[PDB]
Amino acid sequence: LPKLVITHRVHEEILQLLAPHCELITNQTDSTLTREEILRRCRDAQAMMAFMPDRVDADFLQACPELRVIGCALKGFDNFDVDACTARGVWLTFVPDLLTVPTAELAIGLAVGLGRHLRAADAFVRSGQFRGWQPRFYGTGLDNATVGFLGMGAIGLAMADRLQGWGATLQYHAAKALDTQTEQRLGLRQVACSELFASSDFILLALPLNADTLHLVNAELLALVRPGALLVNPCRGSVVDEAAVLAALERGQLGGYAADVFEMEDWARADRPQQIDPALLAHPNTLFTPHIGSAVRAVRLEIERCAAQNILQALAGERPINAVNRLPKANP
């Protein structure tokens, strides 16, 4: 009986898991519906499965008073007002682990593609003009490089594991230090944010988007980079000031920027750019992907399953395993 709205397309097997417990109102197409259309569907929904284009604020919740649970098919719930969910007695749940590994893979791929001029290399061969080896496309590889992680959580760790054996010197700065056991095991040295940006050949971002991280990578910080340094962003766009990244690119201090994420995606920002600057889109020392960190079908299936288990738990009157927040529940 309880209505559940699902804002984007999910695997058949997921609908089968839910269909006995809920009234599914699904978006089994390839499109992102309108803000006003999801509001209408959610108006008396007991439940919601949310995805990356979703944004949930106190305004949204006011118009949807039957909501008991919002199940997020994602890790970074920055576009979801958790306090306001709590104020309305709505569970919010996320997916803590399943997005990690394929995002870590993409990022290393970006680091390699960016450092080796893959976009133009490939464009060149595709132009038909290839005739053999030339003294051209000399790049930056991982061997002997200083690699710097900003952040050292799930993707931080999964990337460092993936770079064991690459002959790089690994260093990091994070809100919380890793125990000495993990540092020695992964070859990781802890350094300050300033030192990270001044010494690293590659700088890989692995931070969530919050108030302390908004525009953390800025002109002051980019002004510090060794000339030609490569910056890689698989996490959230507004951890970076995209305009200062452009400027470091044009002056040739920053060697390259790769990103899977963009400022324009951060819906909880009133003042978000409405687009990626065409000038960064067209800069040659770049490589981009459309938020496909977790775009592997087998993985997406499990992300959906995790979200569905959470939603179903919540509707069964239990505390969901991946609740980010806390509601009153009866004791023994």
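The first residue of the shown sequence is 1; numbering continues from there.
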{"item": "Residue stretch of maximal mean CA temperature factor, 89 to 97 vs 128 to 136", "value": "128 to 136"}
{"item": "Average Cα temperature factor in the PDB entry - higher stretch of 300 to 308, 37 to 45", "value": "37 to 45"}
{"item": "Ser294, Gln62, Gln275, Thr286, ranked by C-alpha B-factor: the highest one", "value": "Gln275"}
{"item": "Residue with maximal Cα B-factor (values as given in the PDB entry) among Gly71, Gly252, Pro234, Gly115", "value": "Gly252"}
{"item": "Ranked C-alpha temperature factor of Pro227 among modelled chain residues, by third", "value": "highest"}
{"item": "B-factor third for the C-alpha atom of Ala107 within its chain", "value": "lowest"}
{"item": "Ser199 - Cα temperature factor, lowest/middle/highest third of chain", "value": "middle"}
{"item": "Third of chain Cα B-factors occupied by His173", "value": "middle"}
{"item": "Chain-wide C-alpha B factor ranking for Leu221, given as lowest, middle or highest third", "value": "highest"}
